[PDB]
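Structural description and commentary
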Amino acid sequence: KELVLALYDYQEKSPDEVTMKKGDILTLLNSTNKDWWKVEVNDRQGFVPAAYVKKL
């Protein structure tokens with residue numbers, strides 16, 4: 001498993017993005033990009049800014 005913690009709220013702005021709330025625990029799917037990481041947030045998958053999450 002690889003979990004991350006949402007440090008901030010983020011509202012999706014494009015079709016490949018997903019929304020998260022501060023304090024959400026997300027499943028990390030792909031962290032190859034330095035700026036945008038692919039995560040699973042409940043049942044949805046998509047990108048959020050890498051700077052806004054913290055690896056656990």
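Residues numbered from 1 in each chain as written, not as in the entry; some residues may be left out. Heavy atoms only, no water.

The record lists X-ray crystallography as the method behind this PDB entry and 1.70 Å as its resolution.

Attention now moves to the pattern of salt bridges. Tallied over the entire structure, the rule returns 3 salt bridges. Between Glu12 and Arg44 there is a salt bridge; the shortest N-O distance is 2.7 Å. Of this pair, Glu12 sits in the loop between β1 (3-6) and β2 (25-30) while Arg44 sits in strand β4 (residues 44-49); the two residues are 32 residues apart in sequence, bridging distant segments of the chain. Judged by its relative accessible area of 41%, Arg44 is partly exposed. As a salt-bridge pair, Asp35 and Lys34 come within 3.1 Å of each other at their nearest N and O atoms. Since its relative accessible area comes to 70%, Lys34 is described here as exposed. (Salt bridge = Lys/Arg side-chain N within 4 Å of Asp/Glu carboxyl O. Helix = DSSP H or I, 4+ residues; strand = E, 2+ residues; numbered from the N terminus. Buried < 20%, exposed > 50% of the residue type's maximum accessible area, 1.4 Å probe, protein only.)

Among the nonpolar cores identified, the biggest contains 13 residues, and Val4, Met20, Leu26, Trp37, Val39, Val48 and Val53 are the most heavily contacted of them. Sorting the residues of this core by element identifies β1, β2 and β3 (36-41) as the ones contributing at least two each. For this core, the element with the most residues is β3, which contributes 3 residues. Beyond its immediate chain neighbours, meaning those up to four positions away, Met20 contacts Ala6, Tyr8, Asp9, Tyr10, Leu26, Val48, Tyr52 and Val53. (Core = buried A, V, L, I, M, F, W, Y, C linked by side-chain atoms within 4.5 Å. Contact = heavy atoms within 4.5 Å.)

Once that is clear, we can look at the pairing of β4. In this sheet, β4 lies alongside β3 in antiparallel orientation, the contact comprising 6 bridges. Counted as the bridge partner of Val41 is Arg44 from β4. Between β3 and β4, which follow one another and run antiparallel, lie 2 residues, and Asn42 among them has a positive phi close to 40°. (Pairing = 2+ DSSP bridges.)

Turning to the sheet that holds β4, a few remarks are in order. With antiparallel pairing, the 5 strands of this open sheet are ordered in space as β4-β3-β2-β1-β5. Edge positions in the sheet fall to β4 and β5 (53-55), since each of these pairs with one other strand and no more. On average, each strand axis in the sheet is tilted by 45° relative to the strand beside it, whichever way the strands run. Bridge analysis of β1 against β2 gives 3 bridges, and the strand direction is antiparallel. Directly across from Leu3, in β2, lies its bridge partner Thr27. (Axes fitted to C-alpha atoms, helices over the stretch in contact; angles between N-to-C directions.)

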